[PDB]
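Shown next, in structure tokens, is the structure this report addresses.
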Amino acid sequence: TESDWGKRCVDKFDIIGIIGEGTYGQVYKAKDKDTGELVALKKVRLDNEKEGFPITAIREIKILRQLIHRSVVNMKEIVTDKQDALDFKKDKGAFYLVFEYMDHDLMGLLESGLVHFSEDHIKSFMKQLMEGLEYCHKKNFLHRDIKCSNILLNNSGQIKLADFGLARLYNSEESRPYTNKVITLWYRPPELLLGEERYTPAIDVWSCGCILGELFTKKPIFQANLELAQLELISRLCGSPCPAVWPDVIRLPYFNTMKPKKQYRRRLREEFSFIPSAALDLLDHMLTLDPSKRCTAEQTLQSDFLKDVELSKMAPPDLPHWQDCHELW
Amino acid sequence: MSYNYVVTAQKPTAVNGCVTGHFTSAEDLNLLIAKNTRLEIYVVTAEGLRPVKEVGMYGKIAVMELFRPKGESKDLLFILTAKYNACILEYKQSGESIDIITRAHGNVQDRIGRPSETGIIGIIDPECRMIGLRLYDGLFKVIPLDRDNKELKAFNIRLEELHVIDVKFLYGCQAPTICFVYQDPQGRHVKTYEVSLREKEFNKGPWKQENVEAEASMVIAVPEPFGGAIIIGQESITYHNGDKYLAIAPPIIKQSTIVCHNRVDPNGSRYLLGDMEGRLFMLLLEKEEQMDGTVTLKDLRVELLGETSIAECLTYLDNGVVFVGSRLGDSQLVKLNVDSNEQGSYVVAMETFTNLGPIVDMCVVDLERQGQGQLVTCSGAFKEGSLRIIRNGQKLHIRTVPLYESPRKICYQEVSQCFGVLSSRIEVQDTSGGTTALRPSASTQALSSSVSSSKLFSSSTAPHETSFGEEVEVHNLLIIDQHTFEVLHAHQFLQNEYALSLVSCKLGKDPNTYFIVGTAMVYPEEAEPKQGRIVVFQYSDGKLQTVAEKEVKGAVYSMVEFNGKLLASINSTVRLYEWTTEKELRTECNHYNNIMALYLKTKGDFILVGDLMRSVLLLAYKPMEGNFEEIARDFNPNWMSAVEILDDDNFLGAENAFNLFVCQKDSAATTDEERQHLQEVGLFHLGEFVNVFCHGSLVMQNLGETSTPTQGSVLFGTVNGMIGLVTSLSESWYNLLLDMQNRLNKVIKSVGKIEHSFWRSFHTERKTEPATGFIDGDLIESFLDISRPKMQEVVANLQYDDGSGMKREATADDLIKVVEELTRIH
Amino acid sequence: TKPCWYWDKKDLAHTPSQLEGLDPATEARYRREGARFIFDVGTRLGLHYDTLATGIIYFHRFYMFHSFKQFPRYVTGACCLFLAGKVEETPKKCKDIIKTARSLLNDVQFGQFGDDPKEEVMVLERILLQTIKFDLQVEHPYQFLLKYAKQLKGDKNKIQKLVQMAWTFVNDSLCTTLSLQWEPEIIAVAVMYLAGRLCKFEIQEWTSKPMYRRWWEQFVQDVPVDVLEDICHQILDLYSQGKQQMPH
Ligand SMILES: Cc1nn(C)c(CNc2nc(NCc3ccc(-c4ccccn4)cc3)c3ncn(C(C)C)c3n2)c1S(N)(=O)=O
């Protein structure tokens, strides 16, 4: 049946080429021989035998079989290399996690500068990401590594969220010890920079806000290579962490250790004056220092910016493609 | 790691902008001409242009305006680089010695902002109170010109109008007033603001907003006698000043877009307008005085004077001389005369300045068999299209072959003693239902001619609607003699067929040498073309014969001969064709993991693919199996303009952001993963858009030439006309030269106090990185021009390494010899 | 979409183990011993109760597709617990599981691990994942016993006695094939049902529908009383056979 995963062989897919390498193994683009459906294959190598099957892959298998949303990427099946006959021990073949193939990734579109986003385009993109993020946050799962490198887009304007390698469950009643360096520094929440280690679902909201600003400027809002330089950049725009705006900032492990140059005032509305007023208010709330005062995913859906956006109108982003292939005289 | 060397053989020839002012002295009249990364100072005389000085900057000049603040004897100059480096410069001459003083310096880049669609706009107040900069949409930046602002500190004023087309400071206002055209969903409008330095904000402007032409392009600040502003559009010219409003819509301007304006009469009675077809107009302001004595504008009139070059910027040089700043063709000095000649023109060309224009493609050919390469370049566009033959005659000798149409690709067929050139010309839908060419050109002046009769796409479905006056491109293949450079044959391609690729080669066991062209059928509705042809021609006995045609489902962006087989890229696909004994192309193997396979290069059985967004992929043809194999891909997102293979392990790429990078196989076979990872070992900001990489060197080879430390030679052409050479170094020589750069950086004075490292840093909007693996030949070759005290200061504590001696002290004379050997490569 | 992980009692006469000559008593006892091995090993390592159960469910499901004569139960058990730790985010190094397994197994029993214990376990992970069809997410009676108990209002001590006694019954049902016969929701209800009978409590009185003799219907729909009795009978059989008696 369709449910008996791990038996069907990778022979059934015709490989087109390699499209990435991260977390555990390389990602390949393939076409199903039987159906002709494009798929993406994550090779999962257990040959290391230090800890066997990668736990990053285990999380992505466990969560993505539970999660069903148009804004979350689908795992169609898992398929295997031709296995050694009668030799289960000798067998070192790898598994392939079969995903739906998405046309592009947001980073490459912004990096090549080949993508222009209008206000309406930005709405559809964010509305789907939130629809996905809300669905996940409602199921008590946290993505914990939101990045432009893993927001995926089809030419139709359909967005899906993808890298669930670090995703884990969140219990409100029983806060659990967690891993502090969870979201990448450019999209890291202030709370994690200061050692929170007990994160809320808000951490994923902060990243999406950074993306929101990144959709209007086409540049990540906060870019740094050091955990304290990031805090400085965030502090200049969002204001320096202080007990007045963040009552429980003192409880954080590295609040005294990590201090910004000054006690900067909040300038977000001024520096983003060019953003529309409806998005600017959304950014102000998503980029709130205190996680308890930071808006939720649903609240972003209930904003003047996103509530009345319609799924029927895809509003695909514009790609010049051939037009700009040749230099414009 | 990889080590490479980049040198500029020919400096940029295109003109980015021009202003005229009293920079050197109030007594002198000066024309300041700007070419990318270069500043040229001249003193204008009625006899001609005399160059006083030529300066180099560590930045692309974006804004350049001349201003004389009260208390200065001479005008000062503001310059803003594309990297947002700003500086104020002042002329200083002591006898024979000339220096340019950097009075103020600062980087105006903001942490958060959206680059404007129209780009950076820079203007200066008539009273020189402030410098206006619109670096980002929705923000207006003000640099106040106070004596104490030596760092050019500035503040931003929130601007409601997000999409601004153009802006200028106005004359005759009680407070500094900006007038600008902006665009919102309701059309385009003209609006005014007053800037309050005390309040650091806008105040209500002197006169109300007016709705203007949908394609309003340029804003003109008219001088004190009239006041107000003029707005130039596609079909109409309008004057605005409070209650006054005049609009003239002559039919002559509608034919071609006007993109430049310059003031002829200082009081504003005359302005010069130029258009993309090269016509030069004059906007005349007809004065009507009232008994009160108030001078008012009566009407506007436009008069055609003649033809000039397509001007990005114009300048009137007093007397009657006008400098035409051209980015697409040769710039010019022209005098506007009072009497027309017998042809009806008031314009007669005086001086002509060579501009290699946009170099779309180029090939290196040894025409005279003298062991020396000649670079024949596809240069210019439209009427300025030309073939330029360049040799290292010591100065560079450049011969020009006028084409009067746009050249696209060039290839050389020695067997036929001729060049094959792809060209496109602009015709316009006429009343006959067909199209008519604006002027005769190479494709219409060929000795013999032919037109494709292919029936492949003839059926189609139904013809798309055509409106009179619309432009269309007509593509041709030109056969041009290598000695006379006369158009021997012109083959016109099918209607709505765009030619993109051209090769000359033998295939398979076929002894005939063919011209092969790859085309795409472009329909306006198609985002990406889905029809194309690979056509095989044979040039024999003065006639071009259609030998075979292959129908493809896309655009044949690039083709290259691959060991007797034809390698072609059709959209996302890279394909290998075999040439059968029946003289027909036959597919062999394909690769489909690309977005748009724009560029192809081959060495042996290895193929290098450049992609619109996925950077460079190294492919391999496996002959045992008859199919392609992916060797290694660059996984960093880069938008390619051209690629080249330096050696079996190093591959060179050019980015649309004016950056160059080198990728090498990770040469570590531990994991298949590492081999598949191409690693960007070299990053370098060139400052130029590289359209074509071509192996070869123009230097004379007598077989006696001392073997230079540099090995290999890749020439590249750019859109601003610059020609450069990329060559490799040994690790020992790179370190020696790199250590020397760091010593030169502290010694040589930079204009604008711009750090050299920042200028050459790989820069994209999202990421900024330091240069690596590249030696700036220009910085090194300047060692021979610095004074002796500086030379000895540079060589202090210098040790050669990895050579015959592990540590060797360097003398100033030793390096002079070394650098002089490096100057022999170009 | 998702696989079916529940069989009928009658089907357990046709497991691979049965058809290779193993009799019903032997397989059943081996399942208790194997489950208990997983339970004891993980308890020594301080593992969450869900982690123990997940490993036990993998183990029980495994031997619906393979024979005990070809796969040593304790190696399989150790492998199940190893995987379960990663799935439930309570990971342990394989070497520590082997260390604990050796502590609790005699020399004969540890012989199943062969010359290289770690290898025999790590190798099996491949087979385990394919066998359970990569359906790693598992629900257990524990969460439903609490979710349902929270909706009971009344004497705090009487309800807490019900919960613990039922909780004990859940732990004991892990040694049986009930995990393979009935969804966890039914199990949670069944143990509540059993504890109620033993404590002489009338659970309906604590529900929102005190005059609804069928309190289970508001928790688990389409549950005949019959099902609950079959489950109760099997749990009580384990207590009657052993020396231990009902917790009470
Ligand atoms: C880690 C990691 N996490 N993430 C989500 C990615 C992105 N990589 C990805 N990109 C998918 N499509 C977009 C796409 C499509 C085509 C090309 C391409 C490349 C070369 C030539 C032509 N075209 C590139 C990108 C995609 N679709 C499904 N998956 C997963 C769920 C298996 C995808 N992962 C990576 S990273 N950085 O390692 O890559």
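Numbers here mean position along the shown chain, with the first residue as 1.
A Cβ is built for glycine as well, from the same backbone N, Cα and C atoms used for every other residue.
Here Swiss-Prot flags A:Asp145 as active site, proton acceptor. In three-state terms derived from DSSP, A:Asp145 (active site, proton acceptor) belongs to neither a helical nor a strand segment and is classed as coil. Taking the Cβ of A:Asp145 (active site, proton acceptor) as reference, residues of its chain lying under 8 Å away and at least six apart in sequence are, in sequence order, A:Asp163, A:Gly165, A:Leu166, A:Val182, A:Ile183, A:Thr184.
Sequence-distant neighbours of A:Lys42 (ATP binding site) (same chain, six or more apart, CB under 8 Å from its CB) are A:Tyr24, A:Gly25, A:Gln26, A:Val27, A:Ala57, A:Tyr96, A:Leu97, A:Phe99, listed in sequence order. The ATP binding site annotation in Swiss-Prot covers A:19-27, A:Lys42, A:100-105, A:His326.
Around A:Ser175 (phosphoserine), taking its Cβ as the centre, 12 other Cβ atoms fall within 10 Å, counting all chains. Among the features that Swiss-Prot reports, phosphoserine is placed at A:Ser175.
The number of other Cβ atoms within 10 Å of the Cβ belonging to A:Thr179 (phosphothreonine), over all protein chains shown, comes to 11. Marked as phosphothreonine by Swiss-Prot: A:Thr179.
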Problem - Cβ-based isolation winner (fewest other Cβ atoms within 10 Å) among the binding-site residues A:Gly22, A:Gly25 - result: A:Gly22
Fill in the blank from the handout: Chain B contacts from recorded positions A:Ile19, A:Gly22, A:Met102, A:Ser175, A:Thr179, C-beta within less than 8 angstroms, listed by sequence, come out as A:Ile19
Problem - Rounded inter-Cα distance in Å - A:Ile19 (ATP binding site), A:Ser175 (phosphoserine) - result: 38
Practice task
Under 6 Å from ligand 1 by C-beta, which of these recorded positions make it: A:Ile19, A:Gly25, A:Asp145, A:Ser175, A:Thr179? Sequence order, please.
Solution key: A:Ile19
Completion exercise
DSSP output for A:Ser175 (phosphoserine) maps to coil
Completion exercise
Cβ contacts within 10 Å for A:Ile19 (ATP binding site), all chains included, total 18
Exercise for the section: Out of A:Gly22, A:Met102, A:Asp105, point to the one nearest A:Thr179 (phosphothreonine) in space (Cα versus Cα); all of them are binding-site residues in the record. Expected result: A:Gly22
Fill in the blank from the handout: Rounding to whole Å, the Cα atoms of A:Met102 (ATP binding site) and A:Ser175 (phosphoserine) are apart by 35
Practice task
Ten-angstrom check, please: count other Cβ atoms within 10 Å of the Cβ of A:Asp105 (ATP binding site), all chains counted.
Solution key: 20
Practice task
Quick one: give me the count of other CB atoms within 10 A of the CB of A:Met102 (ATP binding site).
Solution key: 19
